[PDB]
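Everything below concerns the one structure shown next.
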Amino acid sequence: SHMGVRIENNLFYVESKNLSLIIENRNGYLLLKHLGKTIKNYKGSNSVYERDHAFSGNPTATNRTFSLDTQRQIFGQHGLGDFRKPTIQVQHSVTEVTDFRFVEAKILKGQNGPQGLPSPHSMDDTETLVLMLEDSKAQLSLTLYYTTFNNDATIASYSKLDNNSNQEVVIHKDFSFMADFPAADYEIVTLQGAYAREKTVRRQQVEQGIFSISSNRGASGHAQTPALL
Amino acid sequence: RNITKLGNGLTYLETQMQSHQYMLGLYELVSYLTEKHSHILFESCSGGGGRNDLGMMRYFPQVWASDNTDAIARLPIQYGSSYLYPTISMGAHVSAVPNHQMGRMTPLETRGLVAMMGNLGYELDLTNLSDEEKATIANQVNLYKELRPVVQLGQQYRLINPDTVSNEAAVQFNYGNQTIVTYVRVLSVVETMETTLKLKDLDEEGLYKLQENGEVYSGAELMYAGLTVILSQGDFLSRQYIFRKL
Amino acid sequence: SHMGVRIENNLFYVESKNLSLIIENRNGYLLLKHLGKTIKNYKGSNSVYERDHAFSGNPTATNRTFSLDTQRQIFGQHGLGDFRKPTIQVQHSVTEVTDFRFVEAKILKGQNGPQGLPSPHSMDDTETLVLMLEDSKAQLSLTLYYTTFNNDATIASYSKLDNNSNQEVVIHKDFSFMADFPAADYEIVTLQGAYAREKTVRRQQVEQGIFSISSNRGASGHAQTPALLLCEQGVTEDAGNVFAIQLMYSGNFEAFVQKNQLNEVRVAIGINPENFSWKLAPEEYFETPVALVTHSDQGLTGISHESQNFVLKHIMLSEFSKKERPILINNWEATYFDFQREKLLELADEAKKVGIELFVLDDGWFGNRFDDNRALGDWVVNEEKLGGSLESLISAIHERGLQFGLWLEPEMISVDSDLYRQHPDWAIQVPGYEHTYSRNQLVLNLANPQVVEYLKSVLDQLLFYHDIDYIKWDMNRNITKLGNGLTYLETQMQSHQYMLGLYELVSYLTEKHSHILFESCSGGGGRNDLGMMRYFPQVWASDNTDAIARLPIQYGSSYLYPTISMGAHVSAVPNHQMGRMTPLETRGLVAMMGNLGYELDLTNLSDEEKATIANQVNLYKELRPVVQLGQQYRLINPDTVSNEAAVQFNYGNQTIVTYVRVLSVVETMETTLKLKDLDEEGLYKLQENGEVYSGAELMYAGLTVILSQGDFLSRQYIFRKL
Amino acid sequence: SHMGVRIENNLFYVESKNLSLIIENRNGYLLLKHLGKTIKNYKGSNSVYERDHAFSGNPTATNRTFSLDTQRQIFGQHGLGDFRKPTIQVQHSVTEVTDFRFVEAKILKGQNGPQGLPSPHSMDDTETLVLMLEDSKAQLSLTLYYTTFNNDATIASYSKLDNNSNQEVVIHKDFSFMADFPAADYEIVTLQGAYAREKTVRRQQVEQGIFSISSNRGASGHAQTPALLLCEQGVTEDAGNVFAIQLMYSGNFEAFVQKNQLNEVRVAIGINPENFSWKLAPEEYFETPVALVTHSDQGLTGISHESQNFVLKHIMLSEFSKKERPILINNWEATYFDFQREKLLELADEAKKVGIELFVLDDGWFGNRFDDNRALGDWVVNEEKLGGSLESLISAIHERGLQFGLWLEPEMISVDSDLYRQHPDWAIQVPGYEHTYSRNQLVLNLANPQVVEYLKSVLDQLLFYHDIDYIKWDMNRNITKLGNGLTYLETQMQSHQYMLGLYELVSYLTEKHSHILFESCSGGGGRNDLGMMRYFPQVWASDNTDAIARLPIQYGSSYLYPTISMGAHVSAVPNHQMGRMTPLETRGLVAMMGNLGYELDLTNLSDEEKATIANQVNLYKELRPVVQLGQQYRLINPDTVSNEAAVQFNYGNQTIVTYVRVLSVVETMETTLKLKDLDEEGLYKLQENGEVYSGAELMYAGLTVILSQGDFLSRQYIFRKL
């Protein structure tokens with residue numbers, strides 16, 4: 001099977017036509033190893049080199065070289081030492097610290113998507129990687145889905161958050177996709193503009209700090225398109 | 001319009017959910033209706049392109065790309081509107097002059113050619129047109145009936161981008177044995193050598209017959225040497241090259 | 001009154017030296033009419049033209065041309081039709097829609113600021129515009145303050161939010177300053193970087209969308225400074241308009257620039273929304289940190305001067321802002337944790353021989369601190385290690401002619417400490433989660449009033465019972481695992497309450513001991529902001545003490561802050577961070593562009609190197625007034641691409657210029673280096689060659705800069721005006 | 001004496017207002033020590049450091065550190081070790097190696113310049129440095145002249161080469177000015193473009209290698225102007241150092257910038273080496289055209305002002321340089337060749353009704369000139385076509401209240417002409433080659449003294465026998481087929497001798513008839529240079545009379561030259577060059593940023609359009625002093641990318657601003673347009689709304705610029721200072 005989903009030891013391969021996402025399970029932490037052109041029998045030539053980075057904190061007292069501040073990931077939390085913008089953030093009890101750990105992976109075939117939201121069709125020749133994460137103390141489940149397409153260089157993603165606790169919890173952030181890319185020179189292309197000037201193509205250099213486009217208008221809007229290249 | 005004054009929840013938390021719940025409500029409504037009436041073509045709109053995204057395009061196979069129907073103002077808009085989305089989605093209409101948004105006169109030929117890089121319609125009072133202009137519209141409609149498969153079903157190649165600084169736009173479509181190229185120039189120029197416009201993704205050995213002059217060019221010539229693009233003096237002029245692969 | 005506050009019909013004029021903010025009251029809505037150079041009898045040549053803009057909504061049904069989406073404002077709300085990023089957002093009842101309307105203005109004279117947060121001093125010649133806004137339905141008051149300065153092109157701002165309702169309300173966003181600027185081409189300059197690369201100067205074009213810098217680390221951080229300069233296109237060192245917005249705050253901040261659908265530009269700075277919510281019970285209020293807006297039309301040098309001057313006169317403590325700082329030795333890189341009494345006194349001996357003035361005892365003197373894995377929180381003198389009482393060590397040092405200095409890290413607690421053993425709940429933590437460690441230590445919850453009380457007591461004891469002349473106040477990790485509140489809301493307040501606790505602690509201690517020089521630190525420049533510089537007249541600018549790596553760091557570290565603040569130390573080679581050999585001459589000259597100290601084992605130096613150090617110390621004693629008290633002019637900037645750095649200082653009859661070249665070059669014509677801000681007719685005598693040059697020659701022709709072959713060479717030109 | 005020439009030991013000081021050239025004599029070699037702002041008691045802070053540079057050779061065997069490859073100079077030779085482009089090169093005997101050594105300096109006061117070439121006037125308060133150089137072996141003298149101006153930051157230069165030997169020698173290169181500038185980052189600005197696109201402003205980085213602009217067309221040309229601005233990196237309209245080098249010459253020129261192996265930069269301007277050689281028999285001499293070096297430290301506006309001022313005071317004829325120019329009508333675009341007496345007088349009638357002051361009869365009145373295929377050379381009045389004598393037409397026009405103007409093209413000859421029939425050898429041609437035609441006409445050989453004598457005679461006759469108030473002097477092709485010499489060398493001299501012939505002719509005629517306004521022309525701006533502007537106080541800036549196409553053209557055409565020079569005419573729509581409709585308002589406002597005339601058939605206008613023209617003429621009569629006599633400030637530049645143009649003029653109590661927008665925009669915030677160089681405290685009353693704005697408001701806040709929907713809209717703001 002040139003395309004679909006594969007689980008090989010601690011590596012998950014999500015393989016669309018000419019596009020792979022390779023994820024490593026590292027003791028419950030999910031690392032983005034590669035996103036790009038197809039690689040089989042991936043060894044880790046481009047692994048993050050684990051160094052002590054100043055002010056990049058650690059899950060254990062005695063290992064200073066492992067930090068979620070410096071590992072490349074597929075979802076982002078706040079309060080565990082990673083200080084990059086988070087993509088999942090849930091209030092429960094007196095905190096909005098979660099610590100979702102990978103517990104189990106499954107593979108689906110065919111039609112799959114969130115209920116009540118628009119999602120891909122013609123999914124007969126797709127497979128979906130199901131990555132099941134839990135925060136045992138908060139009694140929450142986060143499930144990540146990645147879907148291959150056999151006829152396009154696209155992968156689709158979404159998540160499900162389950163409350164398995166005895167109390168109300170509140171989601172504050174829940175993005176649909178995140179990727180950490182290696183330090184290199186990049187440009188971004190977006191479609192912005194205005195009423196009577198829609199989808200103006202903008203290109204710029206990536207700079208230190210944060211660039212964003214967003215809508216708070218309750219529709220995507222004339223001035224920004226949900227896209228980033 | 002956009003959403004203001006969020007406060008319909010029984011609690012603050014319910015208000016904070018209101019905006020996403022609005023969306024779920026829309027999607028329930030439109031998935032229900034497009035499903036129960038799948039034979040109807042639904043075109044999405046929001047003061048033109050106010051909500052032109054892949055959420056809506058799951059249900060609405062076409063969108064009104066912009067209320068700006070100016071042939072020239074449309075160039076950067078169509079550039080963007082088809083950047084990630086297929087041309088078939090991209091509503092584009094020939095409208096009256098002076099244009100209502102821009103205050104500008106444009107050749108009916110150019111309004112025609114620009115709208116035909118999209119999903120063609122008309123938005124003007126046909127009853128107030130001269131006999132000539134009516135005849136022009138009928139010819140445009142005859143042309144597009146021919147061009148429609150190439151434009152709506154074919155592969156789009158941007159050749160010159162109408163960006164902030166460019167004085168030009170050119171887009172090519174390939175579809176089996178058919179290749180079309182539209183060229184628009186915004187401002188008139190003088191003592192400036194003609195543009196050379198090279199086509200993309202042809203067979204080098206292919207023989208391409210240009211309709212206007214009957215000449216047969218190999219794909220290699222069209223791709224590697226290109227077309228000397230010729231125009232009279234004037235603003236907002238356009239032309240189209242149509243090729244049949246023999 | 002050329003300067004101060006004026007209220008003329010529906011216009012408010014906030015008038016500092018060469019900088020005005022002109023606000024119009026429009027039926028309860030406040031419009032930003034002008035921010036920039038002084039205008040009297042303002043008419044409105046630059047008013048927003050009121051048009052119907054598609055999808056820009058309206059307060060009334062029948063007027064489509066008035067929209068808070070299109071008006072330029074001084075504060076931003078969401079839900080009233082303005083869709084630009086908001087700067088005030090308050091949850092009350094079932095909504096976080098407010099609608100604050102102007103009701104009344106007042107003018108204050110003199111001293112004024114938020115309680116419990118750092119704010120300007122020397123305010124006798126200031127006035128403050130008080131703009132009182134109310135949301136009558138929510139029963140909330142928002143009061144905006146703008147303060148003039150008669151001697152600087154700066155305006156200061158902050159706000160107070162009062163809850164006058166019968167229910168709890170929650171603040172979600174409350175920035176300290178916002179301005180809507182007209183559509184034009186702009187660039188922004190910020191100071192970013194990293195640990196061992198602090199305050200890297202970044203310049204970029206303003207683009208449609210939103211750009212921001214922010215900290216969510218519970219300190220301002222190494223990687224971003226609370227500053228944002230909105231510049232006219234093509235600004236240079238010498239020319240162009242610059243507006244610097246800055247925040248006197250050391251916690252989580254955000255600065256942003258938004259270019260909206262119409263090409264308009266919003267800038268704001270304040271407490272980061274991330275990690276922040278603020279509960280107000282009835283009658284309670286909230287005041288934001290002070291923001292500053294500073295203006296120059298003399299380019300990037302002009303904004304440097306404006307910002308430095310303001311800091312020197314109105315932020316940095318009066319007791320130190322014009323006081324020459326002692327040349328110190330610090331044992332840290334010199335011995336790490338491995339020292340005892342004999343070694344210290346031996347170092348002190350050598351320090352005295354070379355004319356060093358102050359001796360700083362760094363990490364490792366307290367509790368069980370033999371490494372960096374324990375003992376934080378136990379501020380109990382290790383008499384075994386110091387070979388007796390700290391009292392007797394200090395006297396030993398005083399007697400050898402040196403002032404005495406000491407390193408602390410009050411905000412931190414090791415798991416392996418008596419403190420953590422007595423009070424594990426004092427650490428910032430979440431119930432039922434393991435700690436996140438950083439340098440194998442935890443952060444004390446300074447939101448806990450018992451933690452603040454304990455630190456006051458322990459440190460007051462330390463400072464009262466010992467003849468300490470100098471404190472280095474360090475802080476070596478960022479805040480993780482927020483969950484010490486009794487409710488979620490209390491946790492969300494924890495980060496700002498931590499800051500209030502710090503400020504209460506350090507304002508108390510610096511006040512009760514004003515004779516001691518306090519130097520701030522956070523793994524070097526991890527918290528180098530105007531919050532800290534209200535209390536600590538000096539900062540350890542970077543742990544990177546490489547002479548070459550220092551160039552871009554000092555460029556940034558003195559960009560908006562005075563040179564006097566900027567700790568810089570000659571260290572050993574090969575350099576411990578960079579792995580590099582540099583000339584002792586260059587380490588000398590680079591550190592002397594800052595506040596000079598030494599951080600190397602003087603006892604292990606050759607007789608030559610000792611002699612070199614003594615000469616360097618003799619040179620700096622001469623240079624100190626010019627460098628620390630004089631005017632700084634950047635001549636060549638050590639940026640990403642440059643192979644060079646040059647900085648000039650003028651001070652009365654004295655002019656100095658330091659030149660550094662990073663990589664050796666060959667078959668390359670010598671640089672020509674022109675000086676700035678001299679008298680054309682002035683006669684300047686160059687020390688090295690005795691030659692006398694007019695200022696015009698030095699400014700308009702410049703110096704052919706000559707160097708041998710080699711990396712990292714430097715030279716200094718010293719001039720006396722005759 | 002703050003200004004003039006000084007000789008102090010081995011230093012020569014050439015001191016204009018705010019601009020000095022300091023030259024050192026070093027054992028016969030002349031070194032450029034400084035060019036820039038005034039320095040007295042120069043010591044040499046910026047001297048070249050003398051090093052052994054590989055492959056940089058030496059005049060003596062034993063000193064490797066002195067090389068003319070590495071010294072900064074004011075003239076350049078080849079073969080002595082300097083490998084940068086040379087500016088003097090003379091063949092004598094078997095070599096073109098010279099070695100000119102300084103022997104002696106003199107100082108002149110007052111009037112001074114090359115014979116038979118255009119040069120500065122009003123020279124009472126000038127001094128000239130005379131640097132006498134000799135090559136003793138070749139028996140040649142080279143004399144360099146540098147002239148100060150007491151009222152402008154400009155220096156003028158030229159040279160004289162004397163042959164003192166017993167043999168013929170040949171000049172191959174002889175530029176008018178050269179300067180070696182120190183290695184630094186530079187940009188250059190030039191005026192290039194094309195026919196119907198004249199003087200396009202180009203800016204680029206200086207790069208290693210050689211950049212040049214040049215003409216080999218026998219006129220300066222549409223596509224390049226004899227100008228080159230060497231600018232400091234990042235120069236703006238308002239700030240930065242600029243050096244403009246310019247040439248008072250209308251023939252073949254070259255300007256170059258060379259960045260050599262060491263990063264050094266040479267600039268030069270002069271007669272193009274291409275199409276040039278100059279034979280000197282014993283005792284004969286050659287003098288080069290005048291070059292100008294002009295300096296500002298106030299950016300691109302500052303260099304504009306410096307250049308315009310100098311042109312107005314020292315180049316443009318005194319009789320006209322401050323004289324308001326008549327508003328004219330020209331029949332060219334209006335009727336082409338197809339006119340007769342009735343039509344002319346009818347046009348004249350209409351021109352008078354709308355208040356036009358001067359009537360210009362264009363091409364087609366002479367010999368057999370019914371089209372552009374014949375008759376050039378036959379300057380004989382076609383009385384049939386003019387319905388009688390030219391005398392009677394002129395009186396007809398004088399009587400209707402209008403001045404009278406006439407088009408000529410003296411330098412040209414048609415194959416089909418009585419002239420070509422009597423004298424085919426007077427055309428520039430090569431024996432045994434067919435003509436190269438251009439607009440089906442040939443160029444008269446003005447190197448032939450019989451051609452010059454004939455043109456003097458024919459034109460003196462024309463001007464003495466007719467009451468002509470204005471001449472348009474056209475020139476509609478470039479020079480091809482050089483071969484009229486009796487030897488190759490005489491052919492190589494033909495192009496410069498043509499120019500000397502032109503200058504003899506036009507200086508003679510403008511002098512013998514100084515009351516007539518002469519406007520120069522060459523298919524519009526084909527020869528718009530400072531050579532021509534010595535004799536012709538006005539020029540037809542471009543045949544492109546499109547209001548929008550004109551914007552970049554007027555930007556360029558007034559960049560270094562005063563607005564008063566810049567002919568601009570309201571023409572018909574659709575425009576004949578561009579094929580475009582433009583508002584008559586915009587054609588009006590654009591032409592009024594220049595020297596206003598009309599070029600359309602007034603008899604075919606509606607009553608409305610006639611009324612509009614009369615209002616425009618009334619407006620300009622008011623605006624004329626401000627535009628023609630006042631100070632110009634560019635506010636928004638019509639460059640390649642801009643959608644806008646704005647220019648301001650100040651003149652005593654009057655300030656005007658014109659704004660044009662090219663393409664209509666939507667959902668775009670209005671431009672904010674700030675004025676320059678007002679009194680902050682000044683009160684400025686805007687005519688349209690009656691409102692009074694302080695200068696500070698207009699400069700620091702600016703105008704919200706409002707427009708309807710549509711292309712090519714314009715507006716004007718008029719202010720009176722109270």
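Numbers restart at 1 for each chain; the letters A, B, ... are given by sequence-line order, proteins then strands.
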Counting only heavy atoms not in [X] (residues, nucleotides, ligands), do more than 12 fall under 6.0 Å from its [atom1]?
X        : atom1 : value
B/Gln21  : CD    : yes
A/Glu187 : CD    : yes
B/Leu10  : CG    : no
B/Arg158 : CZ    : yes
B/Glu28  : CD    : no
A/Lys173 : NZ    : yes

Straight-line distance of B/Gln16 CD to A/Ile171 CD1, nearest 0.5 Å: 13.0 Å
Value rounded to 0.5 Å, distance of OG1 in A/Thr200 from CG in B/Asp163: 11.0 Å
Would you check if [X] and [Y] make a side-chain contact, meaning some heavy-atom pair closer than 4.5 Å?
X        : Y        : result
A/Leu117 : B/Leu24  : yes
A/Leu191 : B/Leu84  : yes
B/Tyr79  : A/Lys199 : no
B/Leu13  : A/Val170 : yes

Over all atoms of both residues, closest heavy-atom pair of [X] and [Y]:
X        : Y        : answer
A/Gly116 : B/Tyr27  : O-CB, 3.7 Å
B/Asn2   : A/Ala219 : ND2-CB, 4.0 Å
A/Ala196 : B/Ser66  : CA-OG, 3.8 Å

Taking [Y]'s backbone N and O only, do any of them form a donor-acceptor pair with [X]'s side chain (distance below 3.5 Å, no angle check)?
X        : Y        : value
B/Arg58  : A/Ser119 : yes
A/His222 : B/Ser46  : yes
A/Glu198 : B/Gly49  : yes

Test side chain to side chain contact (heavy atoms under 4.5 Å, CB included) applied to A/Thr225 and B/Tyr85, step by step: CA-CA 11 Å; A/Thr225 300; B/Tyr85 307 160; 3.3 Å; yes
For chain B, the option from A/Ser220, A/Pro120, A/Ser215 that forms the most heavy-atom pairs under 4.5 Å: A/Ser220
Toward chain A, the part of B/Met23 with a non-hydrogen atom under 4.5 Å: side chain
B/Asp70, part contacting chain A, at a heavy-atom distance under 4.5 Å: neither
Toward chain B, the part of A/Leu229 with a non-hydrogen atom under 4.5 Å: side chain
Which of B/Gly80, B/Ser19, B/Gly50 touches chain A most, by non-hydrogen pairs under 4.5 Å: B/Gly50
